[PDB]
Amino acid sequence: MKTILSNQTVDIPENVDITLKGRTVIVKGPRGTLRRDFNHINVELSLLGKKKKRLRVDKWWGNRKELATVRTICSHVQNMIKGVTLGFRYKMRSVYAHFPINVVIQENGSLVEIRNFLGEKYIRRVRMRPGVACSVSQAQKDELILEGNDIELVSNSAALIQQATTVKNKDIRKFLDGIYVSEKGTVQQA
Amino acid sequence: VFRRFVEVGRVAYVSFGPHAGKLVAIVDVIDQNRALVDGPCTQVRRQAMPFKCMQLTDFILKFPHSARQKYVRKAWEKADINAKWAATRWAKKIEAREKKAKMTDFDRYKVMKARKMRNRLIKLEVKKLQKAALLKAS
Amino acid sequence: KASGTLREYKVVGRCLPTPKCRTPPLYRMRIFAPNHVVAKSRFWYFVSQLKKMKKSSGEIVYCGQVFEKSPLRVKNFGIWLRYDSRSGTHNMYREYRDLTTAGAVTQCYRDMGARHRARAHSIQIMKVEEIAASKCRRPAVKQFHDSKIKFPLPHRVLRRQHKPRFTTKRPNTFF
Amino acid sequence: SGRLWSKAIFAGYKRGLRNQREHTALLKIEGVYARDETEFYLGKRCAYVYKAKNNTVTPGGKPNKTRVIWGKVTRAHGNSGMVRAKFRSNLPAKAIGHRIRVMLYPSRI
Amino acid sequence: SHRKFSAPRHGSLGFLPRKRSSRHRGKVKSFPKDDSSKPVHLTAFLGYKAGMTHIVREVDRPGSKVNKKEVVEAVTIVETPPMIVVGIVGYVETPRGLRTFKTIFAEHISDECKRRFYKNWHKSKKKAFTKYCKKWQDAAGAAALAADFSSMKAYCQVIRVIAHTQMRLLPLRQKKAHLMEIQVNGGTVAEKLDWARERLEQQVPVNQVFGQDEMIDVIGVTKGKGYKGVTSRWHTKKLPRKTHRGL
Amino acid sequence: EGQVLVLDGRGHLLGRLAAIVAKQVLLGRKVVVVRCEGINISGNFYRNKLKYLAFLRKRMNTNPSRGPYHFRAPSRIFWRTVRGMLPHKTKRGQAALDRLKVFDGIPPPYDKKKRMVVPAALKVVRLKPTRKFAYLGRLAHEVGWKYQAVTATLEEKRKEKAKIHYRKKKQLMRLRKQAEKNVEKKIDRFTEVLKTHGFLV
RNA sequence: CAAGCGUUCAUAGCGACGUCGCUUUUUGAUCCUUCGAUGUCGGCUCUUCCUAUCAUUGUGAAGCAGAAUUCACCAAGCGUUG
RNA sequence: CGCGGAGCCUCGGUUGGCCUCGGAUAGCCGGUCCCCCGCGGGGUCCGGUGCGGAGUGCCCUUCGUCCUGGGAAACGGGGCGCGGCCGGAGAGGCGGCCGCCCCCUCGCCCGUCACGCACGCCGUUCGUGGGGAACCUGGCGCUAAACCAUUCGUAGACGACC
Ligand SMILES: [Mg+2]
Ligand SMILES: [Mg+2]
Ligand SMILES: [Mg+2]
Ligand SMILES: [Mg+2]
Ligand SMILES: [Mg+2]
Ligand SMILES: [Mg+2]
Ligand SMILES: [Mg+2]
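Chains as they are written, first to last, in PDB author numbering: chain H, 1 to 190; chain M, 2 to 139; chain S, 2 to 176; chain f, 2 to 110; chain B, 2 to 248; chain O, 3 to 203.
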């Protein structure tokens, strides 16, 4: 069964200005500008709301497996607004038993250096995606803070270092060592 | 974004099939591929018609969703579809495809001579405007 | 049985008179077939399943088409069914939204073929019945089903792809 | 001083798959792609025209180097606007994928 | 059935149109990727294997048994007189490959370099490059080889230098100099080029191409040994003593 | 039709285009498929790369050099698929393959000629928008092509030179439409008899 | 499929009573091919191929703390001897 | 290189089209008043087109000759017409743009006559100064190498190779 129509409206706040180039939305607010194409998803992005108030996505004569693509665009846009108004802040804490995990950033972010994981000599280096500002925190002992605007860029950089600190040939039920994402938050809370 | 929506009252130009080259008002939608369609004044009996064989215009009219051939005769008579079409450019490149196929061998000769002179007066001017765009470059 | 565009050939017929019973009853069935000769034959298939009657011991009295009383008015047809899948035999109700009872089961025969791979010789039409707005369960039909109906025709592919088989302009699909 | 012979290509002879019948030839006239389109060329004369190395007489002219097999269109062939034509001699299989010239002159307008 | 006791194969297939080589001077099949930031230099040279001998040296690889001990190393010595540049050649990148633009030889050429042009010399009149050398002093001494360097400057990407050996400085009985194209792995064509335009008719000693303790590659032709049996060629096993038809 | 054909392979389907090319070569017409790196095949990428590597594993064991020649450049890939639709074992089949001419990128004289499209083979027409598909340019690269980089840097240098041609031709039409309006009373009874017979409306 | 074993716990590892298959490295059945003869066991040598993976690369499982070890996945690249 | 005269042969063809990029639930063009970049490029606004008419359903150019004697159109075209400066390299093979000589007056309407009118009939009409092979005029240039024989081994069954 093809469904005749499904849609959903995004409530754009007053800080931001969204302006769509056909199917590629660009989103600029206080912190910066973000962009994301959607020339794979085949929907109608309307900007019906005036002065600027609604990004409305249609789908159209689509069936089950494409009607699902309606909201996933809707969310990819609010995440874009929530990233340019407040900005994402992923926190990750270092966990270990004996050997202290020794983090130090090296350019501004862009190089997270990890010594002494499980006592290993091999020093692990981890790039960051562009626009992600990694930083060693304060008001906590073993804790990094990854900031930026793109949820996509920030959270995979978090995974890049969460997946770099993995144990081999052990029972990871016992050896609970590594740097784990502890809190997916925001920069400003409002 | 779209601007021509299959509606109750949208006028459509019939692409091909038995009624090709006429206008028609969409009375009702039967299914995903078939519409109950009616052209009263363009001599099309009320019948089903697939969308794959009709391309829809910019006109609308305002009969209700199952009106009966007398109220769609109005709202097509007034608001004057039959004279507003034939003022479209659509209806003027139609009736140009018509007029090349309906062209004797004599006519085809007059235009061979007429166009040869037209193409030359316009050619001497373009050669003259470039003379002026090069003198302006000076 | 095969197809075409189906038609509503209704039939009546009695079990020809013996000396004992001189006025047997008459039975009308709404047989549903592409012409006479098979509409007569689908009758004896259904009366032999219900009465102790055969083509030899009987006779068809009236075979004639019954043709739609409202062919310019879209209607909602529910149609009860019984076919033969590869394992057993199952009963169904299905809804089709065309404007002529005949065409509405022409669609159904197309679907059991399309959605269940059931050929016409396996299917039996219990009874077709046109329905009002409500009492419609299938949302595939239940969605048109309003007043301010509205679509665009989004990705309008061009046929005529062999009128000019070679062209300079790449086509268009937005209109 | 131009065509006076609408262009056409000799595509093959009327055949099955593992048979072949050489009397009838299949012409693909240019600019006609519907079996409804082709009722104009029924009856027309065609002309395989070719030259080979020895002089051959010529009506209204001197001995040329040009010869022709000399044919006539019979009927349409398939939905696609092909045309079945049989020439007086059978075509030489050298002309497969070459020019023959359907003329206009046995016209029926 | 299968092989009872498995074993490796004899001799690598990665070598095996094992034929008499079609060339004699070792042809470079790939030159190093030219990083266009470091200065201009040559990538190859052309020497002559002479013999071998013992070396005695001190070793510095701490943690090994032979750290600060003396070892002996067998060393070849490749007699390598300075090579002479005669011409430059341009190459331009194509989908179909890497084509050659424009070869431009110098005004003089050599004597030894002429040898490499004809099979029999003393029978010939030695006319090679006797009218190309005429181009290098006239009006056309600007057309065919000044608009050409500008052409090779516009459309060329890779520039090699044709350079020949000096066969007269060696003890060898040969006099046919050996030419070879030696790519210039400098940076920025027109600097890659207004350096070899200078070194035309010029010497190039080995200390320009190579420095001490530098890893190089040697590209020559194996020593010849003729027709050989399967036992010498592919190093197979010998069959037992009893085999009737050959072992 | 008639003279030398030029088909721009971009936006086309490998086999869909190859079926139409091969019938027109067999009718004596000369075809030149260009830009074959833009040709694309239906079905997602990995499906096709995996399908191509199965071709490479087909090779005469006792000696490979005689065996099936797996070409790598896109043209030869495409040329192979046209050859698979011609009777190349006979004289008319090989005679056909010579009327064909397939290029990777877009070289001289053909770069300065209007090139056409086969919509019955075009991708935006035969394919559904919700399906994946691969480019014969990418497919060739991971199978062992060597000049994806060069054929790209060369066509960016030609796309910059042809943009100049169009911008000047775009400006000549600007003079024509302005000269048409600047002299429009001594061609008035000419443009009249053009639009009475459908020309120029 | 699952009654059970596994201190407890069906399914970590196993698995009865049953049941569905694959395979042609076992033997049979059969007698289609060859009796104007296809040289009818092993071993030696040599190549290549399969994966129903013993090792090694990368991994997921454990009744995996470490060590050791079984279970499973992508995998036939290179090994598999005196 | 130019331009000359015959003669085997191998054939196909019988106006051209001299070009953006690409998008496809979007594009094309204008014009920019305004802004940024290197006459252009990018941007923003607006105005037109979009079953595309600055549309390959397209565009271009003509297809009996000449006379002369009016109108509309008026410096176009040419003499392998001649020199110089460009631009183009992906397998370039093409154009483009400037001086000078001589000559011609040609597209469209009209008058005015003419041109073997071969007597109803077929391969007519061209890309054609085709492609290839042999031979008769002028000007400028030219001036060999290869293989054998010999020799050498860095090579070898002979060949081949240095
Ligand atoms: Mg362990
Ligand atoms: Mg001829
Ligand atoms: Mg083994
Ligand atoms: Mg013995
Ligand atoms: Mg228990
Ligand atoms: Mg024998
Ligand atoms: Mg396996």
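For every residue, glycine included, the Cβ atom is placed at its ideal position computed from N, Cα and C.
Asked                                                                                                                                                                                      : Found
Would you kindly check if the distance between the Cβ of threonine 174 of chain S and the Cβ of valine 203 of chain O is under 9 Å?                                                        : no
Does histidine 99 of chain f come within less than 9 Å of chain O when only Cβ atoms are used?                                                                                             : yes
Just verifying my parser: in three-state terms, what is the DSSP assignment at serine 42 of chain S?                                                                                       : helix
In chain M, which residues lie less than 8 Å from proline 153 of chain S when you measure between Cβ atoms?                                                                                : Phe3, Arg5, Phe6, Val7
Let me know if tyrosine 90 of chain H comes out buried or exposed under the rule of 16 or more other beta-carbons within 10 Å of its beta-carbon.                                          : buried
Here's the rule: buried if 16 or more other CB atoms are within 10 angstroms of the residue's CB, otherwise exposed. What is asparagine 65 of chain O?                                     : exposed
Along chain S, in chain order, which residues have C-beta atoms closer than 9 Å to that of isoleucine 4 of chain H?                                                                        : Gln144, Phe145, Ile150, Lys151, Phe152
Around the Cβ of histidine 24 of chain f, are there at least 16 other Cβ atoms within 10 angstroms (buried) or fewer (exposed)?                                                            : exposed
By a C-beta neighbour count over all protein chains shown, 10 Å radius and 16 as the cutoff for buried, is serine 77 of chain O buried or exposed?                                         : buried
At what residues does the beta strand (DSSP E) containing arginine 100 of chain B begin and finish?                                                                                        : 98–106
Helix, strand or coil for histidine 245 of chain B? Go by DSSP, reduced to three states.                                                                                                   : coil
Using C-beta distances below 7 Å, list every residue in its chain close to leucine 201 of chain B, excluding the 5 sequence neighbours before and after it, in chain order.                : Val86, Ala107
Compute every distance between the C-beta of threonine 67 of chain f and the non-hydrogen atoms of ligand 2, then say whether any falls below 8 Å.                                         : yes
Between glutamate 44 of chain H and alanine 3 of chain S, what straight-line distance do the alpha-carbon atoms span, to the nearest angstrom?                                             : 44 Å
On a Cα-Cα basis, can you pick out the residue from H:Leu160, H:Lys52, H:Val95, H:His98 that is closest to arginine 125 of chain H?                                                        : H:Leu160
Identify the contact partners of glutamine 33 of chain M in chain H, using a Cβ-Cβ distance below 9 Å as the criterion.                                                                    : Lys2, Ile4, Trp61
So with CB distances below 8 Å, who are the chain S contacts of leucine 37 of chain M?                                                                                                     : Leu73, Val75, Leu100
Measure the alpha-carbon distance for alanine 24 of chain O versus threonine 92 of chain O and round it to whole angstroms.                                                                : 15 Å
Return the chain-ordered ranges of every beta strand (DSSP E) run that is complete within the stretch 3–80 of chain M and spans a minimum of 3 residues.                                   : 11–15, 24–30, 35–40, 45–51, 55–61
Is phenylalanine 176 of chain S close to chain M, meaning its C-beta is less than 9 Å from at least one C-beta of that chain?                                                              : yes
Would you list the residues sitting across from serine 94 of chain H in a DSSP beta bridge?                                                                                                : H:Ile179
Could you confirm whether any beta carbon from chain S is found closer than 9 Å to the beta carbon of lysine 116 of chain O?                                                               : yes
If we ignore side chains and look at the alpha-carbon of each, how far apart do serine 16 of chain M and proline 51 of chain M end up?                                                     : 11 Å
9 Å is my cut-off, CB to CB: does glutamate 44 of chain H come that close to chain M?                                                                                                      : yes
Give me the Cα-Cα distance between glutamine 138 of chain H and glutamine 144 of chain S, rounded to the nearest whole angstrom.                                                           : 58 Å
Hey, would you say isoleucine 189 of chain O sits closer than 9 Å to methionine 55 of chain M, going by beta carbons?                                                                      : no
Could you give the residue range of the beta strand (DSSP E) that holds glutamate 60 of chain S?                                                                                           : 60–66
If the cut-off is 9 Å on Cβ atoms, which residues from the stretch 69–98 of chain B count as contacting chain O, listed in chain order?                                                    : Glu94, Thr95, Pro96, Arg97, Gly98
Does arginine 160 of chain S have its Cβ less than 9 Å from a Cβ in chain M?                                                                                                               : yes
Would a check of beta-carbon distances place residue 1 of chain O closer than 9 Å to chain B?                                                                                              : Limits of chain O in this structure are 3 at one end and 203 at the other, which puts residue 1 of chain O out of reach.
Measure the C-alpha to C-alpha separation of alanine 133 of chain H and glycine 148 of chain H and round it to an integer number of angstroms.                                             : 6 Å
Using C-beta distances below 7 Å, list every residue in its chain close to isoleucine 97 of chain f, excluding the 5 sequence neighbours before and after it, in chain order.              : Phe11, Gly13
Counting C-beta neighbours from all protein chains within 10 Å, is the total for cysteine 22 of chain S 16 or more, i.e. buried, or is it exposed?                                         : exposed
Do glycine 32 of chain H and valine 16 of chain H have their C-beta atoms closer together than 9 Å?                                                                                        : no
Measuring only between beta-carbons, confirm whether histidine 156 of chain S sits less than 9 Å from chain H.                                                                             : yes
Enumerate in chain order the residues of its own chain whose CB-to-CB distance from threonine 155 of chain O is below 8 Å, with the five nearest sequence positions on each side excluded. : none
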